[PDB]
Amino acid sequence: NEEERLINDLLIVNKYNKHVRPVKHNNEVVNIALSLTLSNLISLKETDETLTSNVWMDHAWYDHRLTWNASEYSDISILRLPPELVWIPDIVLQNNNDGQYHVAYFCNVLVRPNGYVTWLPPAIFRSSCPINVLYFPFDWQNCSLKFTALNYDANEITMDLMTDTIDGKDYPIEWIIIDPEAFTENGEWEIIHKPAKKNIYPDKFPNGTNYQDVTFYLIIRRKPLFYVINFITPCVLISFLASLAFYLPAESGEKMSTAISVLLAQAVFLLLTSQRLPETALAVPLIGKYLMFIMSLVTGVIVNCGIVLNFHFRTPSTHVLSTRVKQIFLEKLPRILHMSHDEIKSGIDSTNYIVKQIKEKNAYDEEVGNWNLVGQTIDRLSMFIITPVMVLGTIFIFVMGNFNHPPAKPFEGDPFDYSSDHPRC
């Protein structure tokens, strides 16, 4: 096997030092071209603001020390060498959470006879991308993987985006590479844009490790079907049940029970919403806004049902039915709302007394009925005022949420699409 002789010549005879940059003179720069491939998007658990991703990092550089004349040895056109024997550019994900800066598996490097070295290790990265909950559950996130070279400064190694060729002209790969055949779309998120950028920070100095950067951005959109089915429509229907509290007659002593139950169910949905979100305070989530609005509205409904009940049970012995109230609630509003021989002397005196008592009782009863009608009128007015407010608020909030598409172009100030189908030039 000639490979043994060749590797012995390259690493032992030539005294290869894996702790020295591959440069002939110590003022040049090593160009490491790096690209990223997304094997699959695991999760974006929003509570801890973590993006867990399975990626393959493609590094490519030149090492003049690992060059050989293919004819002098047998026609060996490629070598596989473990990364613990050769110099490797330690490129680290700076914005991680769990303290895993490096690739997971250190595979072999492929070395060509001209010195070109390519290294494609896989990695599992748990990066930090803050969550914007303004439009949850109709939100889209903008997460980032920021790779830096902390072992050398920009004057010693220059990171770059990997290039590719189609028809003899080379163009940079400015996107995360996704293999359409192997990639399986995530259960909850859909990828919209995936740019890749090399960032310079001019206010820093090239003789430092915080001057360069390569950032891969994932713009993703939540598929809002789980939450529409399990959170939004049950809550909306149970909230609409509040309006029915006004169509329920006050004789059936069950208005307050209905309204209070609606409020309690809404509190349950509030609990769930709280449980499913991070503690940030940048903004109140859309579903949070809706829950606040509907809970305040249902509290108003409960208060108004209480007022209606208080009116319904008034009697002439405790309250006075003024003429103003009669005019307002029995003439105007119902029209506006389209609402639909001493023994015989003793006998005579006793029967007269009976008649007087019955007449008084009848007057009492008819005034009670008038109070009941006033209560019904207040019920109808409240229903008309409140139901449309509830319906319009719900519709407005949720259409505003449903109209929250991603901006159709990353980097607003940039007219480039960063799409794998239209490389620059």
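Residue numbers here begin at 1 and follow the sequence given. The term rigid core refers to the maximal set of C-alpha atoms that superpose within 1.5 Å between the two forms.
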Taking RMS over all structures and residues, which stretch has CA atoms farther from the shown form in 8 other deposited structures of this protein, 174-182 or 214-222, after a rigid core fit? 174-182
Core-aligned Cα RMS comparison in 8 other deposited structures of this protein - stretch that moves more, 242-250 or 199-207: 242-250
Report, as yes or no, whether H341 is left without coordinates in at least one third of the other compared entries. yes
Deposited residues absent from the coordinates between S340 and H341, none, 1 to 3, 4 to 9, or 10 or more? 10 or more
